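The data block below is target.cif; it holds mmCIF, C-alpha atoms and all ligand atoms.
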data_start
loop_
_atom_site.group_PDB
_atom_site.id
_atom_site.type_symbol
_atom_site.label_atom_id
_atom_site.label_comp_id
_atom_site.auth_asym_id
_atom_site.auth_seq_id
_atom_site.Cartn_x
_atom_site.Cartn_y
_atom_site.Cartn_z
ATOM 1 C CA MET A 1 120.019 132.437 110.590
ATOM 2 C CA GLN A 2 122.697 129.856 109.869
ATOM 3 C CA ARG A 3 122.051 126.354 108.579
ATOM 4 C CA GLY A 4 122.796 122.843 109.787
ATOM 5 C CA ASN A 5 121.313 119.967 111.755
ATOM 6 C CA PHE A 6 119.458 119.197 108.545
ATOM 7 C CA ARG A 7 119.799 118.912 104.783
ATOM 8 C CA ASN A 8 118.967 115.377 103.705
ATOM 9 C CA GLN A 9 115.954 116.375 101.640
ATOM 10 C CA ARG A 10 115.316 113.845 98.893
ATOM 11 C CA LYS A 11 111.701 112.968 99.605
ATOM 12 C CA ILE A 12 111.572 109.516 98.062
ATOM 13 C CA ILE A 13 107.853 109.478 97.349
ATOM 14 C CA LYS A 14 108.161 107.695 94.023
ATOM 15 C CA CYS A 15 109.360 104.138 93.510
ATOM 16 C CA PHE A 16 112.138 103.751 90.967
ATOM 17 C CA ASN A 17 110.930 100.313 89.969
ATOM 18 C CA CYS A 18 107.162 100.245 89.596
ATOM 19 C CA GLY A 19 106.814 104.013 89.421
ATOM 20 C CA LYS A 20 103.971 103.908 91.924
ATOM 21 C CA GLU A 21 104.249 105.932 95.114
ATOM 22 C CA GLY A 22 104.249 104.901 98.758
ATOM 23 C CA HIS A 23 107.186 102.516 98.977
ATOM 24 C CA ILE A 24 110.874 102.475 98.109
ATOM 25 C CA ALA A 25 112.340 100.170 95.497
ATOM 26 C CA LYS A 26 114.352 98.149 97.986
ATOM 27 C CA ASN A 27 110.989 97.033 99.326
ATOM 28 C CA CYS A 28 109.333 96.493 95.960
ATOM 29 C CA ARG A 29 107.184 93.423 95.600
ATOM 30 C CA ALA A 30 105.375 95.393 92.920
ATOM 31 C CA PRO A 31 101.933 93.966 92.316
ATOM 32 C CA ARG A 32 101.541 90.915 90.123
ATOM 33 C CA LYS A 33 97.945 91.435 89.080
ATOM 34 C CA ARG A 34 96.194 88.112 89.565
ATOM 35 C CA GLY A 35 93.541 87.360 92.163
ATOM 36 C CA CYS A 36 93.059 83.609 92.338
ATOM 37 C CA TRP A 37 95.010 81.931 89.558
ATOM 38 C CA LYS A 38 94.291 78.444 90.845
ATOM 39 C CA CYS A 39 90.848 78.762 89.307
ATOM 40 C CA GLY A 40 91.299 82.062 87.500
ATOM 41 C CA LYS A 41 88.886 84.385 89.269
ATOM 42 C CA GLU A 42 89.697 87.572 91.148
ATOM 43 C CA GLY A 43 86.966 87.226 93.751
ATOM 44 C CA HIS A 44 89.289 85.364 96.090
ATOM 45 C CA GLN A 45 92.817 84.138 96.730
ATOM 46 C CA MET A 46 94.480 80.734 96.651
ATOM 47 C CA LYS A 47 95.370 81.042 100.321
ATOM 48 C CA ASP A 48 91.617 80.864 100.811
ATOM 49 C CA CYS A 49 90.592 78.879 97.759
ATOM 50 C CA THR A 50 89.126 75.487 98.527
ATOM 51 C CA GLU A 51 86.075 76.406 96.496
ATOM 52 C CA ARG A 52 84.068 75.832 99.654
ATOM 53 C CA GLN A 53 83.753 73.073 102.230
ATOM 54 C CA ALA A 54 81.998 74.605 105.215
ATOM 55 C CA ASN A 55 83.279 74.067 108.737
HETATM 56 ZN ZN ZN B 101 107.811 99.627 93.572
HETATM 57 ZN ZN ZN B 102 90.217 79.977 93.227
#
Here is a file; write its structure as structure tokens.
Amino acid sequence: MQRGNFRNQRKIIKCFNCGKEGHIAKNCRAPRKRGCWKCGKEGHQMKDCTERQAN
């Protein structure tokens, strides 16, 4: 029964850049796999890393 008011199919569920799904490649800060580099561990992140110093 006719056709129109739609067509743009695509379905872009596969990033061109990283390959991984969920985002488009325009918005690809594809993961750089390192937890805390500042020490080396991957328990924590530099934005948190002061080792520890209480309140
Ligand atoms: Zn990507
Ligand atoms: Zn650290």
Q: Can you give me, as a ChimeraX atom specification, the residues this file yields under the PyMOL selection byres (((not hetatm)) within 12 of (chain B and resi 101))?
A: /A:12-32
Q. Quick one: which residues end up in the PyMOL selection byres (((chain A and resi 35) around 12) and not hetatm) for this structure, as a list in words?
A.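 Expected selection for the PyMOL selection byres (((chain A and resi 35) around 12) and not hetatm) here is residues 31, 32, 33, 34, 36, 37, 38, 39, 40, 41, 42, 43, 44, 45, 46, 47, 48 and 49 of chain A.
Among the candidates A:55, A:50, A:2, A:8, the residue lying nearest to ligand ZN 102 (chain B) is A:50 (atoms considered: all atoms listed in the file).
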Assuming 5 Å of padding per side, give the centre and edge lengths of the axis-aligned box around every listed atom of range 6-24 of chain A, in Å to one decimal and as JSON.
{"center_x": 111.9, "center_y": 109.7, "center_z": 99.0, "size_x": 25.8, "size_y": 29.0, "size_z": 29.1}
